[PDB]
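Okay, here we've got a single chain as structure tokens, the form deposited in one PDB entry, with questions on binding and movement later.
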């Protein structure tokens, strides 16, 4: 009954599960799987607890459809790191079974043909591109499952409306032509049934945590529980002191990185003045061995006191700090929102510290994500969450203590709808306007109960379509997998380039490669003028040929702002390709050390997208210049 080995599943999967330490499943898994015709092609939406095997139901369901129907099954995750972890887990499981597992996260290409894969794991954007390419190829017949994780982001996010568009597209094409199951999961929402009806699915929600969570708010010198009950000047040092005495973990969250690192050593100073080691020296040697080896105030308190962790560090140095937390050594740390959604680091007591984060009240989802970190897999007994706040912000703490998530919206003229219709008209599926009205009648906005007719008006004033048939520019946007809003910027960049390209240096090819801004770093004025008015004569001429001019910099339109904000990002990569050591570039430019290494990953991706933008349009000369350099930018 309440044990997975009793159920029918391949033996190797349960050997792999029990080898890790997995045990008998809880009741919510049985309730999810025994809802009725869920095991069949009827879809399913469930809300199992996040910290108690939420993905087990979907993982068990994904085998049945790809073994019986044997068509395909996607898998969608929001972030690259969790995508990689799930990719490795699904590898060790399914490849042992024999079901091929493919990854699309980050810059990692599949390196294999699509038509011989089953459980391709993507990160929304890759899945959307794959679906669009399949539709533009007339190969949707091979699709059996679309497993969607974290369904609650479809309404308020910059990457969930893609999930909405994908789901309505596949549902429309399948019904107009359930052989395809759209099983998914969310955390907890009031209007979960309305989502299930639009997916033609059942529904069941549960609420039970493996470790009871003692949630409290501390004011002055007392502890008050959630329901205004007393159970037992910040005194965080005292609070931290009572926790390490029972050889367990502690964790506190801070609203800023400067506050994060300062408070990890302010407490350390108050710890040394009052006053395991086998691996305590291995990490110290690792600190000096590093290629950068800055060895800042972190080095002082790695073995002795309290260190800090955030995203302003190197992917290796930042990750290593999390490595010690898994074994022992350091116990106390500050993290900011880095561990809120980055990775999962359990701790005994979590001090959310200030109720207000970033000048605004902490979000209900963010607070629940922060608090849910506490609790191991039975190692500890109770999890705690302390919110230190005095006098003011009293109502903020209690209201955030007793709150619920808002219902799901639809985020739907709107740019999330312009792309919605431009991937079926171009795909050849929806051609006639009368038939086009059928497609919008089955979208999720229909179940949540015009502007649809005006959608093609914007696609006529701006050349995207021409019964309706695809064009060269309309087809080019979908192949590159970028929104139609961005095409109007990249298109104008390449048209101006063909009239007098500069071939001697590499600054002109760099400008057409760097991603726009992505809000990577605040731009420091009065430093560009010092940096710009020293460039060689060969580099200043390229800047005047792309839009940059001494008429806006330090002298104070989106098009004029987009061609000047792209120059600063291009100059940073100029010293990366010339093998200048990282020590000086992060100081001359005045950019943070944790952001420079994040531009290199985002620059190799954008380089390989513009060559495709010209292939599907047709430009033989511009391909050679862009394609012969995209490899050089990756190095250095």
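Positions refer to the first chain, counted from 1. If you superpose the two forms and keep the largest set of C-alpha atoms that fall within 1.5 Å, you have the rigid core.
There is another form of this protein, the form deposited in another entry, and it is not shown here; the text below is about that form.
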query: Per-residue C-alpha change between this form and the one not shown, residue 420, threshold 2 Å, rigid core fit; finding: no
query: Is_shifted residue 124 between this form and the one not shown (CA, 2 Å cut-off, rigid core); finding: no
query: Rigid core superposition, residue 89 Cα moves 2 angstroms or more between this form and the one not shown; finding: no
